[PDB]
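Novice: Shown below is the structure under consideration.
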Amino acid sequence: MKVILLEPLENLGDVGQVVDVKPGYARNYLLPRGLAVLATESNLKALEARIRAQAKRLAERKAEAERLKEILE
RNA sequence: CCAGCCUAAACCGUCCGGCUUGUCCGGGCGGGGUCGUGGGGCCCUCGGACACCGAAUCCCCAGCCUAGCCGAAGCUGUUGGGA
């Protein structure tokens with residue numbers, strides 16, 4: 001089974017990672033304890049919009065950084 | 001006997017709800033779409049259109065069913081209880 005976890009559980013990996021576990025761990029512990037949410041296609045898309053979000057934003061501000069980099073220098 | 005159609009899905013607007021407010025997930029609605037020479041979506045170009053196509057839907061009517069009316073032409077005698 002696949003899932004997207006919301007807590008760095010010293011068993012699988014840090015949050016966000018989309019790690020595999022058997023139905024049980026995720027059907028009767030990890031889902032109800034909201035430790036991780038179920039991994040449908042829908043959600044994997046939610047992932048990208050977020051990553052890219054700050055990806056470009058960190059590069060974009062970065063760009064603006066160089067602007068001041070030159071005029072201040 | 002005759003007959004073919006609408007949709008789910010990619011996408012866009014919108015309202016609302018959620019939440020690690022995202023250039024987003026979902027739910028409702030609308031737009032979009034319905035195919036086997038495969039189709040649809042998205043961008044570009046063509047002119048994109050007055051045109052075509054047209055209901056199993058709707059209104060009017062005929063006809064029609066539910067009571068009915070017109071409807072031609074004969075008399076005499078004879079048997080017989082009675083023609």
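Here the Cβ is made from the backbone with ideal geometry for all residues, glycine too, and neighbour counts use every protein chain on show. Read the figures in this text as sums done on the coordinates, not as results from a lab.
Novice: I'm checking my understanding of the structure. Among residues of region A:8-45 that are charged (D, E, K, R) and within 11 Å of RNA strand B (Cβ to nearest atom), which one is surrounded by the fewest Cβ atoms within 10 Å (Cβ to Cβ)?
Specialist: Narrowing region A:8-45 to residues charged (D, E, K, R): A:10, A:14, A:20, A:22, A:27, A:33, A:41, A:45.
The next check asks that each one be within 11 Å of RNA strand B (Cβ to nearest atom); those that pass are A:41, A:45.
Working: A:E41: 6, A:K45: 10.
The qualifying residue surrounded by the fewest Cβ atoms within 10 Å (Cβ to Cβ) is A:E41.
Novice: Conditions first: (1) within 13 Å of RNA strand B (Cβ to nearest atom); (2) under 12 Å from the mean Cα position of the chain (by Cα). A:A59 passes all but one, so which condition is the exception?
Specialist: Looking at each condition in turn, A:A59 falls short on (2).
Novice: Here's another thing I want to ask about it. Where residues in region A:25-45 are assigned to a helix (DSSP H, G or I) and hydroxyl-bearing (S, T, Y), which of them is farthest from A:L9 (Cα to Cα)?
Specialist: Ranking the candidates gives A:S42 first.
Novice: I need a count of the residues in region A:10-33 that are under 23 Å from A:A49 (Cβ atoms) and of a type in the set (G, A, S).
Specialist: Residues in region A:10-33 being under 23 Å from A:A49 (Cβ atoms) and of a type in the set (G, A, S): 2 in total.
Novice: List every residue pair whose Cβ atoms lie under 8 Å apart, where the two residues are 6 or more positions apart in sequence or sit on different chains, the first residue falls within region A:26-40 and is more than 10 Å from A:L6 (Cβ to Cβ), and the second residue, located anywhere, is in a helix (DSSP H, G or I).
Specialist: Pairs that qualify, where the first residue is more than 10 Å from A:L6 (Cβ to Cβ) and the partner is in a helix (DSSP H, G or I), are A:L38/A:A26.
Novice: Going by the structure shown, is A:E48 more than 15 Å from RNA strand B (Cβ to nearest atom) and assigned to a helix (DSSP H, G or I)? Please lay out each step first, then the result.
Specialist: Values: more than 15 Å from RNA strand B (Cβ to nearest atom): no; assigned to a helix (DSSP H, G or I): yes.
Spelling it out, it is not the case that A:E48 is more than 15 Å from RNA strand B (Cβ to nearest atom) and assigned to a helix (DSSP H, G or I).
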